[PDB]
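One chain follows as structure tokens, the form deposited in one PDB entry.
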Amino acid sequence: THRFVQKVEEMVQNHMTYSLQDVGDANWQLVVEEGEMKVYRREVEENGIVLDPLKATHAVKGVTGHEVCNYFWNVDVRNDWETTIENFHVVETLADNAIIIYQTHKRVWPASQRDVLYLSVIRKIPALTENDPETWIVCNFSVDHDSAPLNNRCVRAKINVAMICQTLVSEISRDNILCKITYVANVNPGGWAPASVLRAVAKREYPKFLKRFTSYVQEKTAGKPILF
């Protein structure tokens, strides 16, 4: 019971209430569709800066949500799949399922480099009823911290990202399992950046990040006991 338990609970529950809802919803603009993966955005600017909420859904054969979330959360494999960061440092271990991370992102010309400081928590949400599936969720959201590094080259972004996973099973085989992912990211670039750049990056890099990440999960897990 670290100092962030109540805030974690609130971020997680807002995701379970809002992020999981189907989008039908003309609010969401469907931007990219490649097979199982659908990527939506809303066009939002605050103080002239692009904030466009991003939401993707995906269906990945042969993995569970527990697996997907472990791989997304576990800093030990962070460097194998991650293509967006130059460095990260674990600032603080809060619990066996919660840490605070500092990371610097690769520069995207011509915007300044960004850094981010966030709490990352992995959580299992038991089936609400015996009909409903259980859910595994990772939430990454920005927090303040006294041991925040000094990085004069970087503008501080703020993020609220969730990777939310439900598992369908049709002796259980990988052939028989399907992980349904909803992934959401609300990123505040934290100072001026060209609108066109942020939008092209999002539109090109989110589908790649997600197909790449999930392909890595399928690969790391294939022919290994199923961790439900």
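Quick note: we count residues from 1 along the sequence shown, nothing fancier. Residues that one form lacks are left out of the comparison. For clarity, a rigid core is taken as the largest C-alpha set superposing within 1.5 Å between two forms.
If you look for the form deposited in another entry, you will not find it shown, but the lines that follow are about it.
> Using the rigid core as the fixed frame, list which single one of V50, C69, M37, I177 shifts its Cα by at least 2 angstroms between this form and the one not shown.
It is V50; the other listed residues stay below 2 Å.
> Taking the rigid core as reference, does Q113 move its C-alpha 2 Å or further between this form and the one not shown?
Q113 C-alpha, core-superposed: shift of less than 2 Å.
> With both forms fit on the core, has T104 moved 2 Å or more by CA between this form and the one not shown?
No: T104 shifts by under 2 Å between this form and the one not shown.
> Tell me, please, whether between this form and the one not shown the C-alpha of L128 is shifted by 2 Å or more, with the rigid core used for superposition.
Yes; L128 is a residue whose C-alpha shifts (by 2 Å or more) between this form and the one not shown when the cores are overlaid.
> Any idea whether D144 and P149 get closer or farther by CA distance in the other entry, knowing it moves 3 angstroms or more?
Nearer in the other entry, by 3 Å or more.
> Just to spell it out: taking the C-alpha atom of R107 and the C-alpha atom of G48, is that distance smaller or larger in the other entry than in the structure shown here, given it changes by 3 Å or more?
Compared with this form, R107 and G48 lie farther apart in the other entry.
> Residue runs between this form and the one not shown with every C-alpha shifted 2 Å or more, at least 3 long, rigid core fitted, in sequence order please.
Those runs whose C-alphas all shift by 2 Å or more are 44-50, 128-130, 149-152.
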